[PDB]
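Report on the following structure.
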Amino acid sequence: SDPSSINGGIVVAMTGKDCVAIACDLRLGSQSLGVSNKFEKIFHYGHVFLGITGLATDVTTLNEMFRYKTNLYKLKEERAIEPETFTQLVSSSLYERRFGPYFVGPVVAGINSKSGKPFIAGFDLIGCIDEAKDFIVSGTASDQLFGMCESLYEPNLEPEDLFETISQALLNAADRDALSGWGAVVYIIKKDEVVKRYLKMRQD
Amino acid sequence: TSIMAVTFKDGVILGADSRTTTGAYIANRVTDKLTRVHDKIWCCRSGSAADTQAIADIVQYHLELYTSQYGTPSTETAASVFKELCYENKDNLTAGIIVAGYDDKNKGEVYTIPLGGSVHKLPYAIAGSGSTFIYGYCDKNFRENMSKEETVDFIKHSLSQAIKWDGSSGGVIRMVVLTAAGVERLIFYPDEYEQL
Amino acid sequence: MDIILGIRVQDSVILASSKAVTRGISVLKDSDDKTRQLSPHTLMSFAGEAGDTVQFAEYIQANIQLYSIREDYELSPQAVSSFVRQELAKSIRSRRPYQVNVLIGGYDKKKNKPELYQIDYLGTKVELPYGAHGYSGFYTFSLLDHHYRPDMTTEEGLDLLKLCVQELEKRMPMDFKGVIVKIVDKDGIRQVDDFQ
Amino acid sequence: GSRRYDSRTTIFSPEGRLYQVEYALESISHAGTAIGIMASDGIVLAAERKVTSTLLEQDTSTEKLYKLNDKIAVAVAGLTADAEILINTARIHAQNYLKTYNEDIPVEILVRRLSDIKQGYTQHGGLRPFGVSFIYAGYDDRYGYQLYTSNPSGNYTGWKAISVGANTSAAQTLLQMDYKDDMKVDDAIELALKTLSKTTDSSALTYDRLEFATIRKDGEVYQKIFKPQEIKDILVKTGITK
Amino acid sequence: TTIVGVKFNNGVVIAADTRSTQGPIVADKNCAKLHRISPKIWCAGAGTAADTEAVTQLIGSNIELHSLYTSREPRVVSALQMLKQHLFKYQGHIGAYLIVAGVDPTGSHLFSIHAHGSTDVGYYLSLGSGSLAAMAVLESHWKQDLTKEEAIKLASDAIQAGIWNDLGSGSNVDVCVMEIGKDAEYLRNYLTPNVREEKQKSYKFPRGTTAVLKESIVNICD
Amino acid sequence: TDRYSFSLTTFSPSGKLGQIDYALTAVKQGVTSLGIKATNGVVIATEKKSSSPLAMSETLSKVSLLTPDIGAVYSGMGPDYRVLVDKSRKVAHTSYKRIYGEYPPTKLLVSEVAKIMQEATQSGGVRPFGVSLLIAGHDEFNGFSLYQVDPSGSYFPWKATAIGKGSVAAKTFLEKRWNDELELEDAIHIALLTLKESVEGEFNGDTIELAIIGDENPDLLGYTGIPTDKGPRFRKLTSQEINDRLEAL
Amino acid sequence: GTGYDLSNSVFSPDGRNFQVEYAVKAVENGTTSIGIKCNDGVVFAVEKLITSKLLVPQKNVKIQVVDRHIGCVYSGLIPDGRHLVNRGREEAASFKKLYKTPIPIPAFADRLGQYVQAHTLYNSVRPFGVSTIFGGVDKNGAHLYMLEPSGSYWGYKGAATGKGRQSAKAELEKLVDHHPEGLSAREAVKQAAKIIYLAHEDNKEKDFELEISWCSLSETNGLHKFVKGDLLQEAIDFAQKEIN
Amino acid sequence: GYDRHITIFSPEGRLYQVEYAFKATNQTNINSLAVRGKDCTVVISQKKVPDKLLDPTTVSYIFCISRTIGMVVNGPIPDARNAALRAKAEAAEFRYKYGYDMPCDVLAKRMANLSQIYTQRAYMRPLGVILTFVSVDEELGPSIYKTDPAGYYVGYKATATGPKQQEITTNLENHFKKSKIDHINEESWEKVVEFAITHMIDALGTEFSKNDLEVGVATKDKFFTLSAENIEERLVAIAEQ
Amino acid sequence: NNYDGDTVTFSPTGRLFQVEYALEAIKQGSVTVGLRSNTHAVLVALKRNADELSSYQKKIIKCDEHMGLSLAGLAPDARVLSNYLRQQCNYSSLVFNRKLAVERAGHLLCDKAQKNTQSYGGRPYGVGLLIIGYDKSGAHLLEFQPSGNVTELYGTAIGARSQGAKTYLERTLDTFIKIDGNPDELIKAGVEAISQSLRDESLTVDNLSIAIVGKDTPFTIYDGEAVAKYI
Ligand SMILES: [Mg+2]
Ligand SMILES: [Mg+2]
Ligand SMILES: [Mg+2]
Ligand SMILES: [Mg+2]
């Protein structure tokens, strides 16, 4: 009984040409038993998106805690938090519980509102920043997502092609994992527009 | 690890090897296991490197404060500080210390603090893994009030035999001589003590 | 084990809880009511370790009633479920976690909508059209997936719950001594007196 | 020992008043006047700056109107630092309520929390109270639009139109004269501007000497803190300036 | 991880690979493992990367505060002592193994610190998984004198031995040179010998390959 | 034992806070220190009044770096300013850098120091700080900024302002000579002209301390390799630069 | 202004702490106690007022011992002296526990001085109403110290405090002038008996019992012991003969 | 009334307790000066033993804080020893935590911050003492840094402290205006000791014996205090002029 | 005048006025005398009543089988000090199997009382004690004052009009110091001593309290008819 393997779920973020993409599966289960087909794992604060995969209760607590922190940050600084600052905040918040960790693998994705640079990043249970400009995968099907993203990704993709790439990656990674699937959501994030798309998957 | 400290007519001499291993791998082959806690009070460390380093740092701090307030500390005072640090924390420490000091009152003195935090004042002390192999030789060759040359030769032969038989001990042989003149540093390389 | 089922049927939420309390090889009770009315329009059924269940349920009940008295306003079922989830997510990382799983059924008068939330002892909250805690789910979930309709009436929900309870009595290796069924709708919370 | 120097801030007077509370009220009575008006479709806050100079950067300045969350704002009268301390505590309490219930905190709950903090400061601890009066303008889906006021004593009251700070008597007289229940947000803006222009101690009311804010209704509620250019525009529209 | 440090005639250089792995899977193919404690005091990390990053950032913040308080350039021995005591306080439960080099008013310094608080001094040091290969190269090619270019070549060759002969190290080579008097030179990707070969085909899908059930525009506005 | 668990600053029957006004009075008797905001940087200047000429003036720096982009000057009690700059440097890390990986903006550091001072004016058994601070900073999203922090805990953004003895006259001078189109060199020149009136003794680079928050200095980073890290914007003008700008008045 | 003497640790406009001076006034009203540093050690002596013959003679000991080598006598508020002696015993015990060796006399002196000075730092604590003459023999020889209610302590060739302190000091000065070579242990005991007998003349209304202790390297092997039995009677006879 | 009893602001913005502590600094009526050489630093203080019953070796207002830092105090000996113990503890803790000897200015800043704390806190009184730390810092050379009960601290080319401090200060100012340097162009520390003693004799107008002075010399990695015989030899060498 | 607000303030003459007010609180208490020989120690107590319907309170408290005390002044402070003394005797007997000496008991009560005459807020104790005991050193009588001064005496008396009893004990010293082996004669001597302090009162069976400790006599209290034979 591994906490990061009880509920399951997958999140994958990718970068394109002046855009990003972040996708997750919609399954929440208890070992073999599947419970919720509508458990989304991506939450946005201002314009920075965060996908949390792992123990579902820790996912929800981190979502609420980061909403708390980003709201207070906007109230104090009078500006929305940027993806890099939010990544550092997630790292610090995760490491603050070094010996009582959250069993989650957060992934940050966004576009810096001042520089327009696409920025994605990933963490472990204790907040090790993985700053990769190509793709960031997390969840129970982390190896399948790694293989699909390493085989499919090419730099500087338009949103219409980045969507297809990330969707195929997540779909073919979820079909080879028992604890992942049951639906999928993909956010294609540009500087002035963010499109949410529900995918069609096999429900097994 | 193979460490020792021998008193003699003019003072004291500490000796050690320079091999620090993590298992079967020699992590460091130029380790200085002779640590100065006061001008003429040094220590040979064996066991946990982190534990011995922290204990030596705290003892040096306490002895510096002692020197600042009440003047120069005795070798027995440093031995007592080591004993207190090692005994009150015996459950979380693996440190064998050999405190060697020189003062004009008692010439050279050697105390040993093994596991558990007991203090023992001896004419000469040996510790570490390699020490297990030289008990007989040292007991049959040690003499009271030796000269500096004979003490250096005795320590060199003992530590060379220890390095030869103990796999955990090796490298160069380091020595610190504490006498009325002051502190002298000596090094003996493998090509020399291996042919002994 | 304990049987805790719930189903949301367009106009109301129906909660069914086993009547059996067994400690060892003895069925101590066959008429237990495993629910606590948190608010006039919000009920919560519970199952888990002995003592933890009733203690947690009555604690949540006292807190919800205190809020209702202080604000003279009934909390929405969503806020009640969030409060329960926060308490359970604080419990797991405490010294002795509450080993309680809850099904919260409530009719939101503001939105005029029935809502059913499932939370486990870890703090995993999910809004479901139908939910079940424990091995009961392994038999009820698929049955509902085949027979549930979002546009169902309270009577259709009662028939569906009768079918679920029959399947459980058939295939479960335990005699839960029947179920107590309660309906939560715009007119509040009532108990079905006549059930199979 | 130390009792010779203890001022005893939390003691009663023979009449039945708290010395420090009355003295903090007297202190606030010399602060810049702030006015809140609750119309049928919005709430309006307006305040006058005491710290006024030609070299004072008014763009990045915030000394009278502050945000508590996305639906509640506060007009301050008195010590700005104590006000910001209490505003930080209020923001933290609002976010705690949000994390606990996943709903925005109602206005009266936050007002009562802040007022209970200010009250506890006047009963125990032996510390001076916060010399700050607050006008809370908020919205929630239970009571709609809400205007509250709190003083250092810890008491809070609900209002339709209210004023705090200096010249509260004349401001309240003007409000009671020119307030109507069915008025709209623009009429409330005009009335607040007129009351500030008639109760000010300076010659004329210029944009750089006042702060303005509106909480109004896309089906969602928007909370707008007016920028200096928008304040100048509303002043030249209302007729106070040209 | 493979990290090395070599002292030359007028300073010290540190070098590291750029591969961070979660088990047998390569997580980051270009992880910068050279961290900055002070502008002229750098450190390479190994072990729990989160622990290394956190302890390095903490000690760097404390070093900056200490330098602002004392109005003096930070000393390598200060960061050494602080890291040593902080790691010893946790009895090795902070899995950070660092090679800390730098220059200060006292001169050039190079030390190694282990997770339990043990420290070691030397003219050439190596840590990480591929440490044994790098140390072999060092023992085979290190001499006293050593110019700046000689020390850079030695450190790069050691990191390459770790990149080729160890499975936990790979990809590129980060270097940081620190001479007495000059500024710290941070050569990111000083060598890139593992450039990925071009694929035989492009796997871009025709638009419309993925079936979409529901689409909407989410509001990132105020 | 601290039996002073009660406030030493209480409201007088007239509404005044006695200790606040007395700290402000102590500030008014301090040496004149001014600050001027330009369009490409801010300047903060003060007079280095030395008690004995045997004392080394360089070891008495009235301008102190808080963050690599934020500096501060004061008027009032030196030791209070020193402990305040130490607390500010510490809070810049413990409350922002260690949480967001970046240094705080100017307004936030000013608010933190103001909170410290407000606690000092309300906590038990403590007197307020006898200093007024001028904090000059630059952040990426708010540009350049100049703030004044008073012992009461209140802070105000200023285009230009002075505090101290001749503060009134200096502020009048600035109001007459300040414009929203000023450059950093023009601001330094106006600051020198303003400090020339508040001082009567020697007026050279060794008697006045002036610093600027302007462009980034890659030459003061201490390391080269990271293109994103440009350099610190705070820079204290050397005595030679001050003398070269004074000789051209 | 006024009222600077109402709270402790309040600087008066002339730079004084009047509470310390009032503690000194309380000290001056106490009995006479002296200390004499001889060649191989130190001797302490004190006068005990026999207000009534109901007091059990040779009991009610005033001279206290710290560790096994420190002797302490005090003039002023006897309970404050006992409190200070208990604190000093704690300090000596801690010093022996940490550094093995018995605490040196200067170290003990500085410990007591820091304690008293800290007691003159806060208005929530009253200054000590005792002046303490202490000392003993350590590895560096004999040491004698006097510590005031102000926390100020110094090393003395001879020290005296109490009502007749002035007379005692004069006699002590004679001892410094007439004997530059130094006194022996028993010689210092006899001269201390003489000095106490002469100092009692300032309190002739009551009778007094002389109490003497000594810490000498040659006579007591560096240990603090009460001069009792034959030597005490010898010193008493010498004092009564040297007096008229 | 009560505003002159605790460390709170008077209506004039003044702290009367701090000024009264400054007054208390002169309670001992002893002057001491400090000067810097090519590679050393000398402090000289007046040694007044009024009582014949006193041990002259124990009458000292100079303290060896560390092996490199010395401190001469003007003020009562209780507060003097308090500050000395605190400075020794701070130096030891610094050497332990940061791995190098505590610099002179850093110790001065620490003691001045503690003085500022005593000045802002009303529960404790300021220490009525003036502390002059002297050392040969590895990065600054000969260094003299003085701190006062107000919490202020500053370095000096040379300094003086005591009742007759202004006369010695004026003498040193005149000598340094004439010599046009900020130190004593002498190689040996003995000559700097002689210079300091000579200039104090000239400023105060009084001769000194070997039992009337206390001399503290700070050289590279060693601070010491001269014995009566070394002071006597320096006085003989000054008499040879 | 302006220096009796607390124990933390010395007077210009060097006095502690709160300690003196506690001593005066003792002087307004009923008289109690104590005496001892070489084999026994007796405490006689004149118990005081409020009126004829009231009781005469209690002045004798046992601290251990070998040690006891009589009080004069505030009864609760005497209860606190007696509880501390019982706890110290119990600690000695348990940890060391050693009956606590009387001199050390006086030292510990001296320290306990001094701890209040220097800290603000904590008033001095308003009671005076007469402690009798028999230990390895023989019989012991101690007088404890709240100033902290504890004095070992052959006989003494504390309370109102105690000077008459003190002078009587002074005159009868050579007589009562030799009453060894006969406790009844020592008790009658104490009764005469306490009678010397009766101006308009007379000893009855309800106002007289006796306490005896000795060689083969543990600390025992006699009240009522038990004291009649001594009246
Ligand atoms: Mg699957
Ligand atoms: Mg399936
Ligand atoms: Mg070997
Ligand atoms: Mg490899």
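Numbering starts fresh at 1 for the residues of each chain in the structure tokens, the chains themselves are lettered A, B, ... in the order given, and ligands are numbered from 1 as they appear.
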Within 7 Å of ligand 2, which residues show up when you count only C-alpha atoms and all ligand atoms? List them as a short mmCIF file (atom, residue, chain, number, x, y, z; two decimals) with N, CA, C and O atoms, in the first residue's frame, please.
```
data_model
loop_
_atom_site.label_atom_id
_atom_site.label_comp_id
_atom_site.auth_asym_id
_atom_site.auth_seq_id
_atom_site.Cartn_x
_atom_site.Cartn_y
_atom_site.Cartn_z
N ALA A 178 -3.21 0.44 -15.27
CA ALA A 178 -4.49 0.05 -14.70
C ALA A 178 -5.12 1.20 -13.91
O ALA A 178 -6.33 1.41 -13.97
N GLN A 203 -12.86 3.18 -21.38
CA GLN A 203 -13.24 3.28 -19.97
C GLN A 203 -12.98 1.97 -19.24
O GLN A 203 -13.86 1.44 -18.56
N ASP A 204 -11.77 1.45 -19.36
CA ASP A 204 -11.39 0.23 -18.65
C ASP A 204 -10.05 0.40 -17.95
O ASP A 204 -9.62 -0.46 -17.18
#
```
message = Please find the residues contacting ligand 3 at a distance of at most 8 Å between atoms, with only C-alpha atoms and all ligand atoms counted, and report them as a list in words.
response = residues 162, 163, 164, 165, 166, 167, 168, 169, 170 and 171 of chain B
Write out the residues from the selection above, keeping N, CA and C atoms, as a compact mmCIF listing (two decimals), in the first residue's frame.
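Saved to again.txt:
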```txt
# COMPACT_ATOMS: atom_id res chain seq x y z
N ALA B 162 50.10 -2.10 12.03
CA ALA B 162 48.65 -1.98 11.98
C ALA B 162 48.16 -1.79 10.55
N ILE B 163 48.81 -0.90 9.80
CA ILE B 163 48.44 -0.67 8.41
C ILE B 163 48.64 -1.94 7.58
N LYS B 164 49.70 -2.70 7.89
CA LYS B 164 49.97 -3.91 7.13
C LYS B 164 48.89 -4.96 7.35
N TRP B 165 48.40 -5.09 8.58
CA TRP B 165 47.42 -6.13 8.88
C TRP B 165 45.97 -5.65 8.79
N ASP B 166 45.70 -4.39 9.11
CA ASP B 166 44.34 -3.86 9.05
C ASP B 166 44.08 -3.29 7.67
N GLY B 167 43.04 -3.79 7.01
CA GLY B 167 42.65 -3.22 5.73
C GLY B 167 42.02 -1.85 5.85
N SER B 168 41.42 -1.55 7.01
CA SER B 168 40.79 -0.26 7.24
C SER B 168 41.79 0.85 7.53
N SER B 169 43.08 0.53 7.64
CA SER B 169 44.11 1.52 7.92
C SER B 169 45.13 1.55 6.79
N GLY B 170 45.58 2.74 6.44
CA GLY B 170 46.53 2.89 5.36
C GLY B 170 46.91 4.34 5.17
N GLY B 171 47.53 4.61 4.02
CA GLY B 171 47.97 5.96 3.73
C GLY B 171 49.29 6.29 4.41
```
inquiry  = Any residue with an atom at most 7 Å from ligand 4 counts, using only C-alpha atoms and all ligand atoms. Which are they? Put them as a PyMOL selection string.
reply    = chain E and resi 162-170
Resulting file, chosen residues, N, CA, C and O atoms, as a PDB file, in the first residue's frame:
```
ATOM      1  N   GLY E 162      32.892   9.515 -15.630  1.00  0.00           N
ATOM      2  CA  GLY E 162      31.648   9.215 -14.941  1.00  0.00           C
ATOM      3  C   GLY E 162      30.448   9.163 -15.868  1.00  0.00           C
ATOM      4  O   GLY E 162      29.517   8.385 -15.643  1.00  0.00           O
ATOM      5  N   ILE E 163      30.454   9.976 -16.924  1.00  0.00           N
ATOM      6  CA  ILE E 163      29.336   9.999 -17.860  1.00  0.00           C
ATOM      7  C   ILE E 163      29.302   8.726 -18.693  1.00  0.00           C
ATOM      8  O   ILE E 163      28.223   8.210 -19.010  1.00  0.00           O
ATOM      9  N   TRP E 164      30.467   8.178 -19.026  1.00  0.00           N
ATOM     10  CA  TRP E 164      30.527   7.031 -19.923  1.00  0.00           C
ATOM     11  C   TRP E 164      30.528   5.695 -19.192  1.00  0.00           C
ATOM     12  O   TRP E 164      29.961   4.722 -19.703  1.00  0.00           O
ATOM     13  N   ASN E 165      31.139   5.618 -18.013  1.00  0.00           N
ATOM     14  CA  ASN E 165      31.313   4.348 -17.324  1.00  0.00           C
ATOM     15  C   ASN E 165      30.349   4.149 -16.160  1.00  0.00           C
ATOM     16  O   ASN E 165      30.373   3.085 -15.533  1.00  0.00           O
ATOM     17  N   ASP E 166      29.504   5.133 -15.859  1.00  0.00           N
ATOM     18  CA  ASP E 166      28.501   5.019 -14.808  1.00  0.00           C
ATOM     19  C   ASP E 166      27.113   5.227 -15.398  1.00  0.00           C
ATOM     20  O   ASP E 166      26.927   6.059 -16.292  1.00  0.00           O
ATOM     21  N   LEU E 167      26.139   4.471 -14.888  1.00  0.00           N
ATOM     22  CA  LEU E 167      24.781   4.549 -15.406  1.00  0.00           C
ATOM     23  C   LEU E 167      23.970   5.675 -14.782  1.00  0.00           C
ATOM     24  O   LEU E 167      22.929   6.048 -15.333  1.00  0.00           O
ATOM     25  N   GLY E 168      24.420   6.231 -13.661  1.00  0.00           N
ATOM     26  CA  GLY E 168      23.710   7.330 -13.040  1.00  0.00           C
ATOM     27  C   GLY E 168      24.137   8.702 -13.491  1.00  0.00           C
ATOM     28  O   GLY E 168      23.477   9.690 -13.160  1.00  0.00           O
ATOM     29  N   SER E 169      25.227   8.785 -14.247  1.00  0.00           N
ATOM     30  CA  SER E 169      25.733  10.038 -14.780  1.00  0.00           C
ATOM     31  C   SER E 169      25.731   9.988 -16.300  1.00  0.00           C
ATOM     32  O   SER E 169      25.943   8.931 -16.902  1.00  0.00           O
ATOM     33  N   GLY E 170      25.491  11.138 -16.915  1.00  0.00           N
ATOM     34  CA  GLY E 170      25.455  11.198 -18.362  1.00  0.00           C
ATOM     35  C   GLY E 170      25.276  12.620 -18.840  1.00  0.00           C
ATOM     36  O   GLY E 170      25.412  13.577 -18.075  1.00  0.00           O
TER      37      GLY E 170
END
```
message = Distance cut-off 10 Å, counting only C-alpha atoms - which residues of chain I neighbour chain D? Return them as number ranges by chain.
response = I: 5-9, 119-121
For the residues selected in the previous step, produce a file with N, CA, C and O atoms as a PDB file, in the first residue's frame.
```pdb
ATOM      1  N   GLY I   5       6.407  49.509  49.917  1.00  0.00           N
ATOM      2  CA  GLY I   5       5.470  49.054  48.910  1.00  0.00           C
ATOM      3  C   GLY I   5       5.656  47.597  48.540  1.00  0.00           C
ATOM      4  O   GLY I   5       4.714  46.940  48.085  1.00  0.00           O
ATOM      5  N   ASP I   6       6.866  47.081  48.739  1.00  0.00           N
ATOM      6  CA  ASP I   6       7.203  45.709  48.378  1.00  0.00           C
ATOM      7  C   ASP I   6       8.558  45.374  48.987  1.00  0.00           C
ATOM      8  O   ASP I   6       9.232  46.232  49.564  1.00  0.00           O
ATOM      9  N   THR I   7       8.948  44.107  48.849  1.00  0.00           N
ATOM     10  CA  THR I   7      10.241  43.646  49.340  1.00  0.00           C
ATOM     11  C   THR I   7      11.392  43.993  48.408  1.00  0.00           C
ATOM     12  O   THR I   7      12.550  43.757  48.769  1.00  0.00           O
ATOM     13  N   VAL I   8      11.107  44.543  47.223  1.00  0.00           N
ATOM     14  CA  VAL I   8      12.147  44.813  46.238  1.00  0.00           C
ATOM     15  C   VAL I   8      12.809  46.171  46.441  1.00  0.00           C
ATOM     16  O   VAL I   8      13.759  46.504  45.719  1.00  0.00           O
ATOM     17  N   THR I   9      12.350  46.961  47.410  1.00  0.00           N
ATOM     18  CA  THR I   9      12.829  48.323  47.610  1.00  0.00           C
ATOM     19  C   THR I   9      13.543  48.424  48.950  1.00  0.00           C
ATOM     20  O   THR I   9      12.959  48.111  49.994  1.00  0.00           O
ATOM     21  N   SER I 119      12.212  38.863  45.615  1.00  0.00           N
ATOM     22  CA  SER I 119      11.454  38.863  44.373  1.00  0.00           C
ATOM     23  C   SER I 119      10.181  39.679  44.550  1.00  0.00           C
ATOM     24  O   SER I 119       9.505  39.580  45.578  1.00  0.00           O
ATOM     25  N   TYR I 120       9.855  40.481  43.541  1.00  0.00           N
ATOM     26  CA  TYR I 120       8.641  41.282  43.594  1.00  0.00           C
ATOM     27  C   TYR I 120       7.405  40.408  43.416  1.00  0.00           C
ATOM     28  O   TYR I 120       7.422  39.402  42.701  1.00  0.00           O
ATOM     29  N   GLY I 121       6.326  40.803  44.081  1.00  0.00           N
ATOM     30  CA  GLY I 121       5.074  40.068  44.086  1.00  0.00           C
ATOM     31  C   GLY I 121       4.945  39.097  45.235  1.00  0.00           C
ATOM     32  O   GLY I 121       3.862  38.946  45.805  1.00  0.00           O
TER      33      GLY I 121
END
```
Residues near range 34-45 of chain E, cut-off 6 Å, only C-alpha atoms, skip fewer than 2 positions along chain, as an NGL selection string = (:E and (32 or 52 or 60 or 97-103 or 184)) or (:F and (222-223))
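Using only C-alpha atoms, the contacts of residue 78 in chain D at a cut-off of 10 Å, with sequence neighbours closer than 2 positions omitted, comprise residues 24, 25, 26, 27, 28, 29, 30, 31, 32, 33, 63, 64, 76, 80, 81, 82, 83, 130, 131, 132, 133, 134, 164, 165 and 166 of chain D.
Using only C-alpha atoms, the contacts of residue 172 in chain D at a cut-off of 8 Å, with sequence neighbours closer than 3 positions omitted, comprise residues 162, 163, 168, 169, 175 and 176 of chain D.
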Just N, CA and C atoms for this one: save the residues we selected as a short mmCIF file (atom, residue, chain, number, x, y, z; two decimals), in the first residue's frame.
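Output file selection_19.cif is given in full below:
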```cif
data_model
loop_
_atom_site.label_atom_id
_atom_site.label_comp_id
_atom_site.auth_asym_id
_atom_site.auth_seq_id
_atom_site.Cartn_x
_atom_site.Cartn_y
_atom_site.Cartn_z
N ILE D 162 -22.69 55.76 5.79
CA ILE D 162 -21.98 56.05 7.03
C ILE D 162 -20.68 56.77 6.71
N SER D 163 -20.14 57.45 7.72
CA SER D 163 -18.87 58.16 7.60
C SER D 163 -18.08 58.01 8.88
N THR D 168 -17.34 63.92 11.04
CA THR D 168 -18.35 62.88 10.86
C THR D 168 -19.76 63.43 11.03
N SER D 169 -19.93 64.46 11.86
CA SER D 169 -21.26 65.01 12.11
C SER D 169 -21.84 65.64 10.84
N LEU D 175 -25.43 63.09 4.47
CA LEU D 175 -25.89 61.78 4.01
C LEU D 175 -27.36 61.57 4.33
N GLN D 176 -27.76 61.82 5.58
CA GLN D 176 -29.15 61.66 5.97
C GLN D 176 -30.07 62.59 5.19
#
```
query = Can you list every residue in range 29-238 of chain G that DSSP puts in helix (DSSP H, G or I), as a PyMOL selection string?
reply = chain G and resi 78-99+105-119+165-178+185-203+230-238
request  = Could you tell me how far CA of residue 179 in chain E lies from CA of residue 225 in chain F, in Å and to one decimal?
outcome  =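 The value is 14.4 Å.
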task = Output the contact residues of chain G with respect to chain H at a cut-off of 10 Å, based on only C-alpha atoms, as an MDAnalysis selection string.
result = chainID G and resid 1:17 36 106 110 113:118 120:124 143:146 148 150:160 169:170 172:177
With 8 Å as the cut-off and only C-alpha atoms counted, what is the closest atom pair between each nearby residue of chain F and chain E? Distances in Å to one decimal, ordered by chain and number, as JSON lines.
```
{"residue": "F:86", "atom": "CA", "partner": "E:69", "partner_atom": "CA", "distance": 7.1}
{"residue": "F:89", "atom": "CA", "partner": "E:65", "partner_atom": "CA", "distance": 6.8}
{"residue": "F:90", "atom": "CA", "partner": "E:65", "partner_atom": "CA", "distance": 6.7}
{"residue": "F:93", "atom": "CA", "partner": "E:61", "partner_atom": "CA", "distance": 6.8}
{"residue": "F:98", "atom": "CA", "partner": "E:58", "partner_atom": "CA", "distance": 7.5}
{"residue": "F:221", "atom": "CA", "partner": "E:39", "partner_atom": "CA", "distance": 6.8}
{"residue": "F:222", "atom": "CA", "partner": "E:183", "partner_atom": "CA", "distance": 5.1}
{"residue": "F:223", "atom": "CA", "partner": "E:184", "partner_atom": "CA", "distance": 4.2}
{"residue": "F:224", "atom": "CA", "partner": "E:185", "partner_atom": "CA", "distance": 5.2}
{"residue": "F:225", "atom": "CA", "partner": "E:186", "partner_atom": "CA", "distance": 4.3}
{"residue": "F:226", "atom": "CA", "partner": "E:186", "partner_atom": "CA", "distance": 7.1}
```
query = Which residues form the shell of 8 Å around ligand 1 when you count only C-alpha atoms and all ligand atoms, given as number ranges by chain?
reply = A: 173-182, 202-204
Sort by chain and increasing residue number a table of all residues of chain B within 12 Å of chain H, each with its closest pair of atoms and their distance in Å to one decimal, counting only C-alpha atoms, and write it as a tab-separated table.
```
residue	atom	partner	partner_atom	distance
B:37	CA	H:96	CA	11.8
B:38	CA	H:67	CA	11.9
B:39	CA	H:67	CA	11.4
B:54	CA	H:96	CA	10.5
B:55	CA	H:96	CA	11.8
B:56	CA	H:96	CA	10.8
B:57	CA	H:96	CA	7.1
B:58	CA	H:96	CA	7.5
B:59	CA	H:96	CA	10.0
B:60	CA	H:96	CA	8.1
B:61	CA	H:96	CA	5.8
B:62	CA	H:92	CA	8.1
B:63	CA	H:92	CA	9.4
B:64	CA	H:92	CA	6.6
B:65	CA	H:92	CA	5.9
B:66	CA	H:92	CA	9.7
B:67	CA	H:66	CA	8.6
B:68	CA	H:66	CA	6.1
B:69	CA	H:85	CA	7.7
B:70	CA	H:64	CA	10.8
B:71	CA	H:64	CA	10.0
B:72	CA	H:67	CA	11.5
```
